[PDB]
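Asks: Take a look at the following structure, please.
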Amino acid sequence: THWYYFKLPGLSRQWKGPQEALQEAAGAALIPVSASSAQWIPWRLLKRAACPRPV
């Protein structure tokens with residue numbers, strides 16, 4: 001899994017996350033943005049965070 005800071009494609013003065021991507025595709029990652037929704041965020045609105053370590 002890759003983890004990302006994200007901005008929403010249609011808003012955004014603050015970075016959100018980092019969040020674990022649920023899936024990756026060409027030019028976008030599927031990011032949880034609420035308790036009931038995920039959004040395909042284009043790369044230009046993502047920053048790759050370091051992966052956290054299992055406990």
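Every chain in the structure tokens has a letter given in the order shown (A, B, ...), and although residue numbers restart at 1 in each chain, ligands are simply numbered from 1 in the order shown.
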For region 2-16 of chain A, work out the shell of residues within 9 Å, counting only C-alpha atoms and skipping chain neighbours fewer than 2 positions away, then give it as a PyMOL selection string.
Replies: chain A and resi 18-24+29+31+33+39+41-42+45-52
Asks: Please produce an output containing N, CA, C and O atoms for each residue in the selection, written as a compact mmCIF listing (two decimals), in the first residue's frame.
Replies:
# COMPACT_ATOMS: atom_id res chain seq x y z
N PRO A 18 -1.80 12.01 5.92
CA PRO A 18 -1.83 11.00 4.87
C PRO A 18 -2.88 9.91 5.09
O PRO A 18 -3.27 9.66 6.26
N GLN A 19 -3.34 9.32 4.01
CA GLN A 19 -4.30 8.20 3.98
C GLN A 19 -3.69 7.08 3.14
O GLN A 19 -3.04 7.36 2.09
N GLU A 20 -3.96 5.85 3.54
CA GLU A 20 -3.59 4.65 2.75
C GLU A 20 -4.48 4.54 1.50
O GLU A 20 -5.72 4.61 1.62
N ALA A 21 -3.86 4.45 0.33
CA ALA A 21 -4.58 4.34 -0.96
C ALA A 21 -5.21 2.95 -1.01
O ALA A 21 -4.58 1.96 -0.54
N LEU A 22 -6.47 2.89 -1.46
CA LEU A 22 -7.22 1.62 -1.55
C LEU A 22 -6.91 0.98 -2.89
O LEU A 22 -6.89 -0.22 -2.95
N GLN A 23 -6.70 1.80 -3.92
CA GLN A 23 -6.17 1.32 -5.20
C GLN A 23 -5.49 2.46 -5.91
O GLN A 23 -5.84 3.64 -5.61
N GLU A 24 -4.58 2.08 -6.82
CA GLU A 24 -3.80 2.96 -7.74
C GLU A 24 -4.12 2.64 -9.21
O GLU A 24 -4.30 1.48 -9.56
N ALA A 29 -4.95 7.94 -7.52
CA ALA A 29 -5.08 6.95 -6.43
C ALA A 29 -6.48 7.05 -5.83
O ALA A 29 -7.08 8.18 -5.79
N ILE A 31 -8.58 7.25 -2.76
CA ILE A 31 -8.33 7.74 -1.38
C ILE A 31 -9.64 7.76 -0.62
O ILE A 31 -10.60 8.31 -1.13
N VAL A 33 -12.09 9.55 1.55
CA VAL A 33 -12.31 11.00 1.81
C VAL A 33 -13.45 11.19 2.84
O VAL A 33 -13.63 12.33 3.29
N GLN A 39 -12.52 8.61 -3.46
CA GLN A 39 -12.40 9.46 -4.64
C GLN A 39 -11.06 9.13 -5.29
O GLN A 39 -10.06 8.84 -4.57
N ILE A 41 -8.15 10.52 -6.89
CA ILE A 41 -7.42 11.81 -6.80
C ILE A 41 -6.29 11.73 -7.80
O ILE A 41 -5.47 10.81 -7.74
N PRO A 42 -6.20 12.73 -8.69
CA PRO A 42 -5.11 12.78 -9.65
C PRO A 42 -3.80 13.04 -8.89
O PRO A 42 -3.85 13.69 -7.83
N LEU A 45 -2.62 16.30 -7.22
CA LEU A 45 -3.18 16.63 -5.88
C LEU A 45 -2.77 15.62 -4.79
O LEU A 45 -3.47 15.55 -3.74
N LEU A 46 -1.66 14.92 -5.00
CA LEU A 46 -1.12 13.93 -4.05
C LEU A 46 0.34 14.23 -3.72
O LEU A 46 1.07 14.76 -4.56
N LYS A 47 0.71 13.87 -2.50
CA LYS A 47 2.13 13.82 -2.09
C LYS A 47 2.34 12.49 -1.39
O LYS A 47 1.59 12.18 -0.45
N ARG A 48 3.34 11.74 -1.84
CA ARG A 48 3.72 10.41 -1.30
C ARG A 48 4.38 10.55 0.09
O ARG A 48 5.52 11.08 0.22
N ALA A 49 3.72 10.03 1.12
CA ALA A 49 4.25 9.96 2.48
C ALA A 49 5.00 8.65 2.66
O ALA A 49 4.75 7.76 1.89
N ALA A 50 5.90 8.59 3.64
CA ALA A 50 6.61 7.34 4.01
C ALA A 50 5.57 6.34 4.51
O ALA A 50 4.62 6.74 5.17
N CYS A 51 5.73 5.07 4.17
CA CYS A 51 4.80 4.01 4.61
C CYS A 51 4.98 3.80 6.12
O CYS A 51 6.12 3.70 6.58
N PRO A 52 3.92 3.77 6.96
CA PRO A 52 4.09 3.39 8.37
C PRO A 52 4.35 1.88 8.54
O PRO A 52 4.10 1.09 7.61
